[PDB]
Amino acid sequence: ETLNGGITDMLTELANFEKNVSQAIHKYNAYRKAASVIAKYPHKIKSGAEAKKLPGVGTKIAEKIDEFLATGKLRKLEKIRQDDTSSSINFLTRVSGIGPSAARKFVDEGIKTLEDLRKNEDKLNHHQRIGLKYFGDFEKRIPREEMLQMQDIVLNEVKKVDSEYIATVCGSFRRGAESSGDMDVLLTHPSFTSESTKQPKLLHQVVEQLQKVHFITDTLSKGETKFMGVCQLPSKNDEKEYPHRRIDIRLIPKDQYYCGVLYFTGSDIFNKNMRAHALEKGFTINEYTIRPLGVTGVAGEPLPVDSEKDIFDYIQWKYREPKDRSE
DNA sequence: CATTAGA
DNA sequence: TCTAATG
Ligand SMILES: [Cs+]
Ligand SMILES: [Cs+]
């Protein structure tokens, strides 16, 4: 957590680079298990050789630990950190729509900067266009003050259209968070579950609603169960307009909400931990259900969930307010 | 780890 | 179809 710091940090810096700037899935994958294992290790690595006794720790990596341990740096790291091409990719990658694959290409073409991208809006697809458009806004954090604002409108129309709907804004927002990166609405309806062969409309309906009023302003992607877009709070009586905000809505069979909701609510750890516990408690938790474990090794048979509660009661725990689902 | 765009 | 990108 801190004794092994520099190492894991450098190591991850190393991994991340193979993956993006190069296409070295493997070397990349390498650096990471290593960085993984060196991280669990309970003592201060004092030398390569020492680390070297680790799994995943080979000669290549080890050699690296030395240099780092020896001098407070690493050339390869100082070399890459410098490298304009590699920088470029690092950068282009921020644009929403742009991944590594695209970034390399863009680069290869000569598009390295923000403006470069403008000059060639043509080479970009819709997503990347939008992302390009809202580069600033996209990067900006969402104040809870605002999330509340948004959550308000969202449950409003949801209700308007159909009153049989159920929305929940999941995420760190759900969990108290002073701010968030984007909004996440989990959606369901009774008329939709496991078998009941869809009703795409159910998603459609709402999307349209939220648009009709000017809340949604772009569409990054719209499927039959997972809308992914951009939104904006009605810029008031002027002098202050609201930044463009990423929003995502998703349809879910009423019969898998709560686990879904639980799950997306986090945190990553609260989850893992609650999850780990259900195991002992003779259960299995995953984003969609909760199955009782059978001794043979495994088992199935989803247990009926009507609320966050059921899942809890199940593994016989303390209902944890989302506020304190921190871990 | 599954859904959506796209070409 | 496969392959990229989000989450
Ligand atoms: Cs080893
Ligand atoms: Cs990106």
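Quick check on the stretch A:105-118: of everything there that is closer than 20 Å to A:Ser22 by Cβ and without any contact (Cβ under 8 Å) to a residue 24 or more places away in the chain, which residue is surrounded by the most Cβ atoms within 10 Å (Cβ to Cβ)? Among residues in the stretch A:105-118 that are closer than 20 Å to A:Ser22 by Cβ and without any contact (Cβ under 8 Å) to a residue 24 or more places away in the chain, the one surrounded by the most Cβ atoms within 10 Å (Cβ to Cβ) is A:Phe106. Looking only at the stretch A:134-148, filter to residues that are assigned to a helix (DSSP H, G or I) and free of Cβ contacts under 8 Å to residues at least 40 places away in the same chain; which one of those is farthest from DNA strand C (Cβ to nearest atom)? Going through the qualifying residues, I end up with A:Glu145. For A:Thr85, the conditions (1) in a helix (DSSP H, G or I); (2) within 16 Å of ligand 1 (Cβ to nearest atom); (3) among the β-branched types (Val, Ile, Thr) all hold with the exception of (2).
Scan the stretch A:286-296 and give yes if some residue there is of a type in the set (A, V, I, L, M, F, W, C) and either closer than 21 Å to A:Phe173 by Cβ or exposed (fewer than 14 other Cβ atoms within 10 Å of the Cβ) (or both), otherwise no. Checked against the condition, which is being of a type in the set (A, V, I, L, M, F, W, C) and either closer than 21 Å to A:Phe173 by Cβ or exposed (fewer than 14 other Cβ atoms within 10 Å of the Cβ) (or both), the stretch A:286-296 yields at least one hit.
Being under 23 Å from the mean Cα position of the chain (by Cα), farther than 26 Å from A:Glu145 by Cα and either assigned by CATH to the domain that holds A:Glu145 or hydrophobic (A, V, I, L, M, F, W, C) (or both) holds for only one residue in A:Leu186, A:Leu203, A:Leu220, and it is A:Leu203. Candidates A:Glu63, A:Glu78, A:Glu121: the one that is within 16 Å of DNA strand B (Cβ to nearest atom), surrounded by fewer than 17 Cβ atoms within 10 Å (Cβ to Cβ) and without any contact (Cβ under 8 Å) to a residue 40 or more places away in the chain is A:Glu121. Please verify whether the stretch A:26-49 includes one or more residues that are among the hydroxyl-bearing types (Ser, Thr, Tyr), in contact with a helix residue (DSSP H, G or I) (Cβ under 8 Å, 6 or more places away or on another chain), without any contact (Cβ under 8 Å) to a residue 60 or more places away in the chain and in the same structural domain as A:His126 (by CATH). No: zero hits. For the stretch A:208-216, the criterion of being touching a helix residue (DSSP H, G or I) at 6+ places or on another chain (Cβ under 9 Å), within 12 Å of DNA strand B (Cβ to nearest atom) and either assigned to a helix (DSSP H, G or I) or within 24 Å of A:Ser96 (Cβ to Cβ) (or both) is met by none of the residues. Within the stretch A:297-327, if we keep just the residues that are more than 15 Å from A:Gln256 (Cβ to Cβ) and aliphatic (A, V, I, L, M), the residue that is surrounded by the fewest Cβ atoms within 10 Å (Cβ to Cβ) turns out to be A:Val298. For the stretch A:37-82, a tally of residues being of a type in the set (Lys, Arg), farther than 28 Å from A:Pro100 by Cα and in a helix (DSSP H, G or I) returns 2. In the stretch A:88-102, of all residues being more than 16 Å from DNA strand B (Cβ to nearest atom) and touching a residue at least 24 places away in the same chain (Cβ under 8 Å), the one that is farthest from A:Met228 (Cα to Cα) corresponds to A:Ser88.
The values are calculated or read from the model by the stated rules, or taken from the named source; no laboratory read-out is quoted. All Cβ positions, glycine included, derive from the backbone under ideal geometry; neighbour counts span all protein chains shown.
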